[PDB]
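First comes one chain, alone, set out as C-alpha cells in the form deposited in one PDB entry.
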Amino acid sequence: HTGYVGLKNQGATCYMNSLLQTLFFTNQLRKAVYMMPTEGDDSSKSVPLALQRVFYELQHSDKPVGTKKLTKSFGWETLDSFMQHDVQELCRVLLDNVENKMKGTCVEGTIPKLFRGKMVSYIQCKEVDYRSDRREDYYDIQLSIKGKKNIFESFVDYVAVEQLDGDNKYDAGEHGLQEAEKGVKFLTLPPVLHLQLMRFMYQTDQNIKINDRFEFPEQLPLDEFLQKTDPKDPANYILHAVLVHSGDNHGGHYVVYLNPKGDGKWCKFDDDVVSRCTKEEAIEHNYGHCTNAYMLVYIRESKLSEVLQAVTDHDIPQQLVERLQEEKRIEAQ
C-alpha cells in the first residue's frame, strides 16, 4: 500500500472524490468531524454521519472507500447535479452541515477558524467626502486567470482598484451620483486557503476552458496583500492540494495531488488508485487530454503543525466506532 486509501468511482460524483481527500487530510477538520455529537442521527439523511463514515473508512479500510450513502445524503441525484454545481458549492454544503452540527459542542467553530477570513470592500468618492466600508467574510477565493500568469498577478488583479465613471457612477445618495473608486483589500487570511482558479469564459453557446499557463508556487507569501501585515505571523502559505481536471473534448476526469503531511512528499489520488509522484508532476506539470489545474489549497506556515495534527485511531469515539462497524455487519449479510 501507500498508507492512504482511495475512493471508488461510484457515479457522476466528479470533483467529489477530490474534495473528500482534501478535507480528509485537513487533519484538524477531520478530528473535529470525528468528535461531533452525531449519536442518534438517521443514517439515510445525515450528512455529518455520512462524512464521519467516509473519513473512518478512509482511515482504517485497506480497500477503496464507497461514497454512495453520502451522495444520497445531500441529495445531488439529478443527471446534471454535479456538473451544474461548483466545487465551492459542494464544499459549502458539507462544511455548513458539519459546522452546524458542531454548534453547542466543545469543538464548535472549527470550520470558521480554519477556512474563514476577514475582508473589506470599499467604495470611495473622489470629489465628494464620502466612503462606504463594509466587512465581508469568505471561505474561498475565486481567482482570475485570463491575462494573469501566476498567483501573484492574480492577487494583484483582485486588489486592483475598479473605477466607477459615468454610466456606472456610484449612487452616493445624499451626494448624488459620483465618480468613485471601488475595491477590496485583505484584512486576514485563514489557516487553510481554498483558491479556485477561474479558467473559463463565455459566441457559440458554451463555457469553454482557458487552457492557458498559470503558475502557482509551493510557498505563497501574501503579506503584501494584507492591509496591515503582522510580524511574528507573516502571511506565508505552503501548497497542500492541487485539484486537477483532464480535458479531452467532452471527457472530464477529476484527480487531486496532495502532500498530506505538508512535507513535500506528494501523492496522486486517482480515485481508488493512490500512488507516489514527483513534486514536478504535482506543481510544475499542472501549470498548463488537456490537463488543467482549477483549485489550490494552501496552509499557513505558522498553522501547519496544528492544521496537520497527528490523528490516531483512539481520536474516534468508541460509540462512533460501534455504530459504523454495526452498519458494515449489516451489509456483509
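Here the rigid core means the biggest group of C-alpha atoms that line up within 1.5 Å when the two forms are laid on top of each other. The first residue of the sequence shown is number 1, and the count goes up from there.
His289, present in the displayed chain, goes without coordinates in a third or more of the other PDB entries compared that cover both sides of it. Unmodelled deposited residues between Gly288 and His289: 4 to 9, per the record.
A summary of the deposited B-factors shows that, of 204 to 212 and 85 to 93, the stretch with the larger mean C-alpha value is 204 to 212. Mean CA B-factor, 322 to 330 versus 2 to 10: the higher value falls on 322 to 330.
Comparing the C-alpha B-factors of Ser154, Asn259, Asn249, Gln142 in the entry, the top value falls on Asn249. Listed residues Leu58, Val273, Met35, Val297 were ranked by CA B-factor as deposited; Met35 comes out on top.
Residue-level temperature factors show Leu114 in the middle third of its chain, judged at the C-alpha atom. Compared with the other modelled residues of the chain, the Cα B-factor recorded for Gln28 ranks in the middle third. Compared with the other modelled residues of the chain, the Cα B-factor recorded for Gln21 ranks in the lowest third. In the PDB entry, a CA B factor belonging to the middle third of its chain's modelled residues is recorded for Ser305. Placement of the Cα temperature factor of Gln52 within the chain: middle third of the modelled residues, per the deposited record.
This next part talks about the form deposited in another entry, which is not shown.
The residue among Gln219, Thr229, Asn249, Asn100 whose Cα moves by 2 angstroms or more between this form and the one not shown, once the core is superposed, is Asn249. Comparing the forms between this form and the one not shown, the C-alpha position of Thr188 differs by less than 2 angstroms, with the core used for superposition. Relative to the superposed core, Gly166 undergoes a Cα shift of 2 Å or more between this form and the one not shown.
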